[PDB]
Amino acid sequence: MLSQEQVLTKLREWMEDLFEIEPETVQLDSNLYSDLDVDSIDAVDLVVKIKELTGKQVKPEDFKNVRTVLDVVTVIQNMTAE
Numbered sequence: 001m002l003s004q005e006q007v008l009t010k011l012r013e014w015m016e017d018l019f020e021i022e023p024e025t026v027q028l029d030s031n032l033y034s035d036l037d038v039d040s041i042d043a044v045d046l047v048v049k050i051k052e053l054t055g056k057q058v059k060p061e062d063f064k065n066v067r068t069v070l071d072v073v074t075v076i077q078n079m080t081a082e
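Sequential numbering of the sequence shown, starting at 1, is according to the entry's author numbering.
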């Protein structure tokens with residue numbers, strides 16, 4: 001079992017390492033599209049490191065339903081813990 005809190009730390013570090021997105025602003029109350037205006041490069045970089053990190057493929061339907069950073073860590077731990 002993995003924690004969404006520790007998951008957020010890895011998520012924040014990888015997005016800062018790749019596109020230099022500050023992890024301090026990226027909180028669990030930060031809107032991804034509305035506040036950060038996530039594009040296809042931020043999403044694509046994270047999809048590859050998300051697929052590699054858990055070892056499972058992700059579907060695009062879930063990404064459409066994603067609205068906030070907390071939702072992403074919830075979905076990762078939701079489909080990871082089992």
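For each residue, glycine too, the CB sits at the ideal point set by N, CA and C.
* Which stretch, first to last residue, makes up the alpha helix (DSSP H) that contains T9? -> As a working mapping, residue 9 is identified with position 9 in the sequence shown. Element bounds for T9: 4 to 19.
* Return the CA-CA distance between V7 and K56, expressed in angstroms with no decimal places. => On the sequence shown, position 7 is the one that residue 7 refers to. On the sequence shown, position 56 is the one that residue 56 refers to. C-alpha separation (whole angstroms): 16 angstroms.
* Given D62, which residues of its chain have a CB within under 7 angstroms of its CB, disregarding the five upstream and five downstream residues? -> The sequence position of residue 62 within the sequence shown is 62, counting from 1. Closer than 7 angstroms at the Cβ level, and outside the excluded window around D62, lie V75.
* Asked: By how many angstroms is the C-alpha of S34 removed from the C-alpha of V66?
  -> What you label residue 66 is simply residue 66 of the sequence shown in a count that begins at 1. What you label residue 34 is simply residue 34 of the sequence shown in a count that begins at 1. The alpha-carbon atoms of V66 and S34 are separated by roughly 11 angstroms.
* Quick one: measure Cβ to Cβ for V58 and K51, integer angstroms, because I've assumed they're closer than 8 angstroms. => Walking along the sequence shown from the start, residue 58 turns up at place 58. Walking along the sequence shown from the start, residue 51 turns up at place 51. About 6 angstroms separates the CB atoms of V58 and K51; that is less than 8 angstroms, so the two are in contact.
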